[PDB]
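The chain below stands alone and is given as structure tokens, in the form deposited in one PDB entry.
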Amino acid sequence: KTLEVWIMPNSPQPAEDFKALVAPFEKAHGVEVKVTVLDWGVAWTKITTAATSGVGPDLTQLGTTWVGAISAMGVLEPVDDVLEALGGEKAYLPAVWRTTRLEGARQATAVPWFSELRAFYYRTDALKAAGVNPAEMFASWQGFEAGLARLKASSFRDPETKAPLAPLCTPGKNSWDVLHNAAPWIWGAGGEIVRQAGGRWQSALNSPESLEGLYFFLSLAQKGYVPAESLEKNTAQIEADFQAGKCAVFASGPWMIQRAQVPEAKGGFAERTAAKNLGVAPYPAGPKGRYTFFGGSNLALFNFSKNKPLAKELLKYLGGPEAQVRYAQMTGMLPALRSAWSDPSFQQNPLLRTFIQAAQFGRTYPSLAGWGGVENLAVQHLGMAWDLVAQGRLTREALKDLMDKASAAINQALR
């Protein structure tokens, strides 16, 4: 008769939106779904209290990077049955399928719900005035840096601010997504954060490939293509700066396309110049590959649930095509289920089509039980590198020393 589901604040009216999403299921099954919205400030510790105590909801949202840890606690019900009903492994991008279980595991313990991915938004008016061909700028790392250098030299002023635009706005260390902002560059240089090599998971942040990609990215800020002020800010603050006409290029997710249609009094930017001058391109091809950061959230069923068959029906509903389209639109995310990408709500919008192009390059972190420790240690040492950038002190050798320290700490944490 009732299911309890915990979600995070994924949409503008989290509880109301989720209740609208599930109303057809409630009517069809004659059950009530009770949703509780967990601040990302408290979600993780509420979810581990549920895991340790055996007292919790039926379903919980998990960040994709949380799946290995909570799975490793032995508290999640297998959901291979749900995933088979939805079309099995080949219904998902490989990157997304990796997030359905603890890394390496035979059985699924999480159902893909929606995907976060990042692509570059750009000011089409700024690139035109700089003489920057958007295709060349996003076809190679040399192209990207050459585009930022032309944007730096440009006399273009934003029509509202009457000031130059920064070529690239990115956070540095003061954001939740420090590693995610770096990951595409690591990967595109042929690197990785961790590798399963020489008979164990170990850091690869100090590999020559990883170092090349990290140095490429962080050196763009040292060369003057990123404002000093951006390095103090988080991702949300950078979004606001791009809305406000301060930034020619920045990475973000699909939600900005919706925000460009929403009035400022409702937290969008439809009244600003940027809303009418918006382009999107995937991350540029690196020397050793081309990768798009994927994250987002999955759903899991606690093994202590008293309602497992009904909760599995609700996972099949939430994971299936109609609800995938609807909730991706409510959240400004991309559906997890690839069949949902053909919906006209995506295909009729050229900017969302470019996000689907970006999705083809998708890559996630390994689903390690100890992922949060790896990421935390990687980000402490990436922040030390961003501190050198902020002072104009980043060199290849100083970066190598920081990633050797990171690698020692990560490798201890993985033992």
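Just count from 1 along the sequence shown to find any residue number. What we label the rigid core is the largest C-alpha set whose atoms superpose within 1.5 Å from one form to the other.
Chemist: Once you work out the mean C-alpha B-factor for both 367 to 375 and 23 to 31 from the entry, which is higher?
Modeler: 23 to 31 has the higher mean C-alpha B-factor.
Chemist: Comparing 211 to 219 with 304 to 312, which stretch shows the greater average C-alpha B-factor in the deposited entry?
Modeler: Comparing 211 to 219 with 304 to 312, the higher average CA B-factor belongs to 304 to 312.
Chemist: Choose from 108, 73, 169, 281 the residue with the greatest Cα B-factor as stated in the PDB record.
Modeler: Of 108, 73, 169, 281, 73 has the highest C-alpha B-factor.
Chemist: Which is it among 78, 263, 191, 94: the one with the largest CA B-factor in the entry?
Modeler: Largest recorded C-alpha B-factor: 263.
Chemist: Among the modelled residues of this chain, does the Cα B factor of residue 62 put it in the lowest, middle or highest third?
Modeler: Tercile = lowest for this residue's CA B-factor.
Chemist: Considering only modelled residues of the same chain, in which third does the CA B-factor of residue 414 rank: lowest, middle or highest?
Modeler: Highest third.
Chemist: Where does the C-alpha B-factor of residue 140 rank in its chain, lowest, middle or highest third?
Modeler: Tercile = middle for this residue's CA B-factor.
Chemist: Sorting the chain's CA B-factors, does residue 5 end up in the lowest, middle or highest third?
Modeler: CA B-factor rank for residue 5: middle third.
Chemist: By its CA B factor, does residue 202 count among the lowest, middle or highest third of the modelled residues in the chain?
Modeler: Within its chain, residue 202 is a highest-third residue by C-alpha B-factor, going by the deposited values.
The following text describes the form deposited in another entry, which does not appear among the structures shown.
Chemist: Looking between this form and the one not shown after fitting on the rigid core, I'd like to know which of 384, 369, 38, 356 has a C-alpha displacement of 2 Å or more.
Modeler: Spelled out, the residue whose C-alpha shifts by 2 Å or more is 38.
Chemist: Residue 305: CA shift of at least 2 Å between this form and the one not shown after core fit?
Modeler: Comparing the forms between this form and the one not shown, which are aligned on their rigid core, residue 305 does shift its C-alpha by 2 Å or more.
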